[PDB]
Amino acid sequence: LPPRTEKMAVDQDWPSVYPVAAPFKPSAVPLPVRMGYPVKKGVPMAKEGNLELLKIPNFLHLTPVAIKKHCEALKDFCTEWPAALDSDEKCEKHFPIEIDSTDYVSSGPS
Amino acid sequence: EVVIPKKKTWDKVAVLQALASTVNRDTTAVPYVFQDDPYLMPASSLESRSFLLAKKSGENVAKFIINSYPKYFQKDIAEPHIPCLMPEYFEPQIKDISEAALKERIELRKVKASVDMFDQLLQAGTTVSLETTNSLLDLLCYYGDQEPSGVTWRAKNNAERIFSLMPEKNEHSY
Amino acid sequence: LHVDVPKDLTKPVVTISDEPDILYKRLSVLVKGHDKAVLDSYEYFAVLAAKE
Amino acid sequence: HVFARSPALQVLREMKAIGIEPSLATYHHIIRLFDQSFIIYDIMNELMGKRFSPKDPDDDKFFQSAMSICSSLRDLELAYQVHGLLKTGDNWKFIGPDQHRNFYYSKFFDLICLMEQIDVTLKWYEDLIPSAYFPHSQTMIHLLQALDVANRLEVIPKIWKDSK
Amino acid sequence: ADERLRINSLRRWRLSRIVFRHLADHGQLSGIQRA
Amino acid sequence: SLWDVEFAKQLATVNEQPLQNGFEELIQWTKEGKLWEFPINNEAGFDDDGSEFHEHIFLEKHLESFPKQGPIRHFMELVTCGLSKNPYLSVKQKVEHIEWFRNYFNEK
Amino acid sequence: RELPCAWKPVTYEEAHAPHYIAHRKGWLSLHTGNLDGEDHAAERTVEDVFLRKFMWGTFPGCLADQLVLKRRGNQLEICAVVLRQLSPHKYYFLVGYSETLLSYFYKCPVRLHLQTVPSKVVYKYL
Amino acid sequence: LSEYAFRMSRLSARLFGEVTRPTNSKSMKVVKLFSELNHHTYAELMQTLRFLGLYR
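Residues numbered from 1 in each chain as written, not as in the entry; some residues may be left out. Chains lettered and ligands numbered in written order. Part of a larger assembly, values for the part shown. Heavy atoms only, no water.

- Structure determination for the deposited model, as stated in its record, used cryo-EM, and the stated resolution is 2.54 Å.

- In its PDB record the entry is named "Human mitochondrial small subunit assembly intermediate (State B)".

- Per the PDB entry, chain A goes by the name 28S ribosomal protein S35, mitochondrial and belongs to Homo sapiens.

### A word on the interface of chain G and chain B
One widely used convention gives an interface's size as the accessible area the parts lose upon coming together.
Step number 1: With 26 residues of chain G at the interface, the matching set in chain B holds 30 residues.
Step number 2: Taking both sides of the interface into account, the surface hidden between chain G and chain B amounts to around 2500 Å²; carbon and sulfur atoms contribute 66%.
Step number 3: When the buried area of chain G at its contact with chain B is split by residue, G:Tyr92, G:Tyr104 and G:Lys107 rank highest and sum to 36% of it.
Step number 4: The interface formed by chain G and chain B contains one salt bridge.
Step number 5: For B:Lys55, the salt bridge goes to G:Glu99, with nearest N and O atoms at 3.2 Å. (Contact = heavy atoms within 4.5 Å. Buried area = accessible area lost by both parts, 1.4 Å probe. Salt bridge = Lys/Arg side-chain N within 4 Å of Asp/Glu carboxyl O.)

### Looking at the nonpolar core
One broad rule of soluble globular proteins: the nonpolar side chains tend to lie buried together.
All names here are of chain D.
Step number 1: If you look at the biggest cluster of nonpolar residues, it comprises 50 residues, and the most contacted ones within it are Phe62, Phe63 and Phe109.
Step number 2: Taken together, the elements giving at least two residues each to this core come down to α1 (5–17), α2 (24–34), α3 (39–47), α4 (62–73), α5 (76–87), α6 (98–115), α7 (118–128) and α8 (137–150).
Step number 3: In terms of residues, this core owes the most to one element, α6, which gives seven residues.
Step number 4: Every residue in contact with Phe109, bar those within four places of it in the chain, is listed here: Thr121, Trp124, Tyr125, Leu128, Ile129, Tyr133 and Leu143. (Core = buried A, V, L, I, M, F, W, Y, C linked by side-chain atoms within 4.5 Å. Buried < 20%, exposed > 50% of the residue type's maximum accessible area, 1.4 Å probe, protein only. Helix = DSSP H or I, 4+ residues; strand = E, 2+ residues; numbered from the N terminus.)

### Some remarks on the packing of helix α3 (residues 99–107) of chain B against helix α4 (residues 111–124) of chain B
Residues and elements named next belong to chain B.
Step number 1: Across the interface, α3 lies against α4 with an axial gap of 9 Å and an inter-helix angle of 165 degrees. Comparing the axis directions of α3 and α4 gives the class roughly antiparallel. With respect to the hand of their crossing, α3 and α4 are arranged in left-handed fashion. Of the residues in α4, those in contact with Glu99, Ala101, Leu102, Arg105 and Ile106 of α3 are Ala113, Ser114, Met117, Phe118 and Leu121.
Step number 2: Split into classes, the residues belonging to the contact of α3 with α4 amount to seven nonpolar, one polar and two charged. (Axes fitted to C-alpha atoms, helices over the stretch in contact; angles between N-to-C directions. Parallel < 35°, antiparallel > 145°, perpendicular 65-115°, else oblique. Left-handed = near helix turned anticlockwise from the far one by under 90°. Nonpolar A, V, L, I, M, F, W, Y, C, P; charged D, E, K, R; others polar.)

### Overview of the sheet that holds strand β6 (residues 110–112) of chain G
Residues and elements named next belong to chain G.
Step number 1: If you trace the four strands from one edge of the open sheet to the other, you get β2-β3-β4-β6, paired in mixed fashion. Because the sheet does not close on itself, it has two edges, and the strands there are β2 (29–30) and β6.
Step number 2: The pairing of strand β3 (residues 68–72) with strand β4 (residues 75–79) spans five bridges and is antiparallel. Looking across to β4, one finds that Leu69 is bridged to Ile78. (Pairing = 2+ DSSP bridges.)

### Describing the pattern of salt bridges
Step number 1: The final tally for this structure, using the stated rule, is 34 salt bridges over all chains.
Step number 2: The network of salt bridges with common partners includes A:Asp88, A:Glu92, A:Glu98 and C:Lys25.

### Thoughts on the side chain of G:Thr116
Step number 1: Within the fold, G:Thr116 resides in strand β7 (residues 115–117).
Step number 2: For G:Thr116, a relative accessible area of 6% puts it in the buried group.
Step number 3: Looking at G:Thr116, its side chain comes within polar contact range of the side chain of G:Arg84, at 3.4 Å.
Step number 4: Leaving out residues up to four positions away in the same chain, G:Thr116 has contacts with B:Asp37, B:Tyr39, B:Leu40, G:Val82, G:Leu83 and G:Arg84. (Polar contact = N/O pair within 3.5 Å; in protein donor to acceptor, adjacent residues only side chain to side chain.)

### Re the interface of chain F and chain A
Step number 1: If you look at the interface, chain F gives seven residues, while chain A gives 10 residues.
Step number 2: Taking both sides of the interface into account, the surface hidden between chain F and chain A amounts to around 660 Å²; carbon and sulfur atoms contribute 62%.
Step number 3: Here chain F and chain A share zero salt bridges between them.
Step number 4: Its residues assigned to classes, the side of chain F that touches chain A shows four nonpolar, three polar and no charged.

### Focus: the arrangement of the chains
Step number 1: Looking across the 20 pairs of chains in contact, one finds the most contacts between chains B and G.
Step number 2: Taking C-alpha atoms as the reference, chain C and chain F come no closer than 12 Å and do not contact one another.

### Brief notes about helix α4 (residues 71–83) of chain F
Step number 1: The first and last C-alpha atoms of α4(F) sit 18 Å apart over 13 residues, in line with the 18 Å expected at 1.5 Å per residue.
Step number 2: Listed as buried for α4(F) are F:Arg73, F:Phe75, F:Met76, F:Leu78, F:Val79, F:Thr80, F:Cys81, F:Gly82 and F:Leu83.
Step number 3: Those residues of α4(F) that are buried lie in contact with α1 (2–10) of chain E, α5 (91–107) of chain F together with α2 (29–35) of chain H. (Expected span 1.5 Å × (residues − 1).)

### A short note on a nonpolar patch on the surface
Step number 1: Together, C:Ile22, C:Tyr24, C:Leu27, C:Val29, C:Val31 and C:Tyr42 make up a nonpolar patch on the protein surface, roughly 640 Å² of accessible area in all.
Step number 2: Positionally, C:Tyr42 belongs in helix α1 (residues 36–51). (Patch = residues over 30% accessible without salt bridge, like charges linked within 9 Å, V, L, I, M, F, W, Y side chains within 5 Å. Areas by Shrake-Rupley, 256 points an atom, 1.4 Å probe, with all protein chains shown as cover.)

### Considerations on the side chain of G:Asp65
Step number 1: Within the element layout of this structure, G:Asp65 appears in the loop between α3 (41–58) and β3.
Step number 2: Buried charge without a salt bridge: G:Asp65, with A:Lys55 as the nearest opposite-charge side chain at an N-O distance of 7.9 Å.
Step number 3: Beyond its immediate stretch of four places on either side in the chain, G:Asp65 contacts A:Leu51, G:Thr11, G:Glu13, G:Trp56 and G:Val81. (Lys, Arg positive; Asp, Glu negative; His and termini not counted.)

### A word on the pairing of β3(G)
All names here are of chain G.
Step number 1: A large share of β3 lies buried, amounting to four of its five residues.
Step number 2: Judged from the two bridges that link them, β2 and β3 form a sheet pairing that is parallel. Within the sheet, the bridge partner assigned to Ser29 lies in β3 and is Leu69.
Step number 3: With respect to chirality, the unit in which β2 leads through α3 into the neighbouring parallel β3 is left-handed.
Step number 4: Here β3 folds back onto β4, and the loop between the two strands holds two residues, one of which, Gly73, carries a positive phi near 60 degrees. (Right-handed = clockwise from strand over helix to strand, strands pointing away.)

### Digging into the pairing of β4(G)
For a regular strand, the rule is simple: side chains alternate between the two faces of the sheet.
All names here are of chain G.
Step number 1: A large share of β4 lies buried, amounting to five of its five residues.
Step number 2: Because side chains alternate across β4, one face comprises the buried residues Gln75, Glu77 and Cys79, and the other comprises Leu76 and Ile78, equally buried.
Step number 3: Bridge analysis of β4 against β6 gives three bridges, and the strand direction is parallel. Residue pairing for β6: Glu77 is matched across the bridge by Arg111.

### Considering the environment of G:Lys8
Residue and element names in this part refer to chain G.
Step number 1: On the secondary structure map, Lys8 appears in the loop between α1 (3–6) and β1 (9–10).
Step number 2: With a relative accessible area of 62%, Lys8 lands in the exposed category.
Step number 3: Sequence separation between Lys8 and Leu126 is 118 residues; the distance between their C-alpha atoms is 5.5 Å.
Step number 4: Once residues within four sequence positions are removed from consideration, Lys8 is found in contact with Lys124, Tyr125 and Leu126.

### Side note on the packing of aromatic side chains
Step number 1: All told, the structure shown has 40 aromatic pairs over all chains when counted by the stated rule.
Step number 2: Summarising the aromatic geometry, the rings of F:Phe101 and H:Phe34 are spaced 5.8 Å apart at their centres and angled 40 degrees between planes, so their arrangement reads as tilted. Placement of the pair is F:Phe101 in helix α5 and H:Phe34 in helix α2, with the two residues belonging to separate chains. The two residues F:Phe101 and H:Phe34 agree in class, both being buried.
Step number 3: Grouped by ring-pair contacts, the aromatic residues B:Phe73, G:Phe50, G:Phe54, G:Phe93, G:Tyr97, G:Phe105, G:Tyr106 and H:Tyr42 constitute a single cluster.
Step number 4: It is A:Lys25 that lies over the ring of A:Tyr18; its NZ or CZ is 4.6 Å from the centre.
Step number 5: The ring centre of B:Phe163 lies 4.2 Å from the NZ or CZ of B:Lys169, which sits over that ring. (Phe/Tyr/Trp six-rings, centres within 6.5 Å; stacked < 30°, edge-to-face > 60°. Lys NZ or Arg CZ within 6 Å of the ring centre and 35° of its normal.)

Structure (C-alpha cells):
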C-alpha cells in the first residue's frame, strides 16, 4: 500500500501526527531525510528500511509549535513566586533554612 | 511582605489529560490500535475486525500460558509492585470440609464445585450460615447452574433444590 | 480535521488548595547522556518550555 | 408499537417528576418505540450541551438509534445536532461497539453526501475516512452520486483510487 | 546467613569476557565504544 | 452481591472504547498502575511501616533487659549504634537482631 | 579443470565493523544503565539478551535486521524491522502474544513497533 | 589534647549519635558490620513455549 505521507498536506497540524514520543516511521514522517555513510560513488541511504534513523531518539513529537501549544495548556497548573522575594538577599533573610534533596530518573522496572 | 501562594493540586493523569486535550485526531491515519506500517494497516472494515480479533487471540494465548505456569512469571522486579501484571490463581486453596472452602468456591464462582461442597457439608451435618446459602443461590441463579463462560431455567434445578433445603428463607433468597 | 472538531474538551481538575505552597530557591537539573546532539536537543526543548 | 406511545410519554413525565434524571437509554427506548417521529427534535432540544455518564447498559445504543431517525426523516440539521452532542466532552465513548460505530457513521455520511454542498461533503469525506470508519461500497456509490449531482466529475479518479 | 553475621559480631555487567565481547562489538551494550 | 458487581461491570462496558491516541494509552497505563507516576519519586510505594526517625535512631530502649553496666552493655551499645546508622533495614529487623542477641546471651 | 587452470550481501549493521559503533553505527540498545553513576547495567544486559533470543525465536525468518531496544522510565519499546512474507493476521497475533508475555515477564509495559520492508535492505556486498 | 576539647567532643558525639565511649578501633568493627546490610526460568519457559508451538 502507498505511504500516508502522500496524503499529508503542506499546512497540516504536525503535533496531531506525532502526539507523543514514537519511533521513526518512514511512512509517517514526510521528509526525504537520508542517513548513512555513503559507499564509493554512492549516496546516504533512504529512510525506508533505515535502521540508523530508527535508532535515533527523534524529537518529532517536540517541535516549537507543539512545545508552545503544550506550555500554553500547562499554565493552568502553575502558581506565582511571591514577588516580595526579589533576590537571594531576601530569600536568605525571610527563609534562613535551605533544604537540599535530590531525585533520580533512570530507566528500568524499579 | 511574603505572600506564599496556595499549593494547588491535581490528579496523577491530569497533566497527561491536558497534553492530550492539546492535540486533535489524525485524519490520515487508521486508529491507534493498528500498526502504522503500510503492509499492516487494515484496508477494509472486515479486515480491521479480523486484525483486532487476531490481536486479542494472541493476548488470550499469552494469558493462558501465564496463568497455566505461574512459577515462570512469579519473579517480581518492579518497584512499586504491579499487581495487574502478576499471574491470577483460579484454583481453590482450602481443601478441608468447612464453610471456608465453600465461601472460597463461591468467591471463585466454581458452580459445580460449590454445589458439591454444599452437599458434602450437608452430609457431614455441619450447619451452613444463612449468608453463605444466600451467596450460593446468588451464584447459581445468576449463572443458572452453568459455569461462567441462553440458558433456560430447568425445573428442579440445583437452585430450586437448595432453595427448598433452607430451614429459613428471608427476603434476599426470594 | 477541517470540520469534525471536538465541540468541547474536558479540562483536568486543578484545585486551589488551602495549604501554603512550597518555595524553591534553586532547582538544578543535571542530565547525562552518551550523545551530545541528544543533550543539545533536550536543552533546546527544556529551555523553550521554561521560557513558555 | 403504536398503543404504547402515550404510556411511554407518561412514564417519561413520571421520571422527570420524581427526580430521576433520564439517561441515554431512556431516550433510546422512546426513539425506537416511536420509530416504526418529530419527538426526536424535542429530545435533541433537551439534550443539547449535556455531558453523560454511564447509568444504563443500553446507553451505548442511543446515537445509533438517533442517527437512524436522521436517516429516515432525511434531516441534516438534526444529524449535525446529534453529532455535536456526540462531540460534547467525552460523549463519544457512548458510540458503541465497532458495528454501531460503522452503522452510525455510514448513515451520517450517506446523509452528508445526499444533502451537503460538494465541498463540505468532500471535507467530511476526508475527515471521516479512514480515520473514523472504513466506507462500505454503498457509501461510495452515494459519494459518486453526490459528485454527479454536483457536476464535480473531475474528482472521480481520486474517489476510485480511494475505493481501490 | 543472619545467624552467621551475628556470631561474627560476637567475636559490572555480569557476563563472561567472551559473551561481553560479542555484544560490545555488535553494538548491543549501550554506551560501550572502542577507544 | 454478585448481582451488584455484575451490573457494575456491565455499566463499565457501555463506555468501553478502544484507545484513540498515545496520550490515552499512557493515561490508561497510569490508572492501571503499570506506568510510573511523574514527577519521579524514588520512594514511591514505600513508607517503612509509618516509622519515624526516633524509631530508627534511638534503639536503646530495647537494651533494658540486658545488663546495665557490664561489658555486655558495651557490646550491645556498639551493636545499637551500628543498627541506628543502618538505612537498609526496617525497625522490625533491627529489633529482631536485638531480640536474637537477648536470646543468645540469655542461653549463655 | 586443471591445477594451473584454477590457479554476499550485507546490510549497514553487518557491513560496518565494531570499531565504527560511535562513528558510523549506533547502539541497538539504548538505556541509562551504563552512564556514570547509574546502576543495574547487568540486569538490563540480561534483559536485552532474553528479548533478542525470544524475538528471534518468535518471528522466525521475518526479522530483516537487528532489533532496537529503547527504554524510557519503565517502558520498553522493541522497534523491529520484519518482512512482508508472513500474513498480517499472524503478525497481529504474534504482536499481541509477545507484548503480553513480555509485559508479564518483566512486570513493565512492553510495546512493539514492527516495520515491514519488501526485502532485506542490502548496503554493500562483502 | 585538653580536657575541654576532650569531653566537648564527647558531648558532640552524644548529639550526633556516634559512639560516645572511645572504643579504640579494633572493637568498633561491630559498628561497621551493623551499619551495612535464573537459568531455570529462562530455559523452562523457552522449552514450554517451544512445546506449545509458539517458539522456534
